[PDB]
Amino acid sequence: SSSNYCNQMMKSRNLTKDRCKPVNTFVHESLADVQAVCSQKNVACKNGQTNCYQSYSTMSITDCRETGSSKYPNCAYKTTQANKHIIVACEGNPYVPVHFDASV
């Protein structure tokens, strides 16, 4: 875990303090705009449930993926920036995102 954004943020957000998580996606949009996706395009989740929603527009995201040499305690990530549609599973009241299903 070093200075690239992925190594830094994964550690800061308590994802890699006690393990190395293989992949994680960060969304660079306002919280309310991401929560707004729960009332957008309803789609089926990969698991078949129907509480998933796809964003009308693409969103700024950063994909973090472990390199093939990464090993606890020295997790290492490859950082990839992209703009894509996000698909989230929503639940509760208020109806908010609880899982990131995919990115298109």
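When you see a residue number, it is the position in the sequence shown, counting from 1. Whichever C-alpha set is largest while still superposing within 1.5 Å between the two forms counts as the rigid core.
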Which of these two stretches, 54-62 or 39-47, has the larger RMS Cα offset in 6 other deposited structures of this protein when the rigid core is kept aligned?
39-47
Between 10-18 and 87-95, where do the CA atoms move more in 6 other deposited structures of this protein, taking the root mean square over the structures and residues after a core fit?
10-18
For 47-55 versus 61-69, entry-based mean Cα B-factors point to 47-55
Higher-scoring stretch by recorded Cα B factor average, 90-98 or 21-29:
90-98
Among 79, 35, 74, 42, single out the one with the highest C-alpha B factor in the record, please.
74
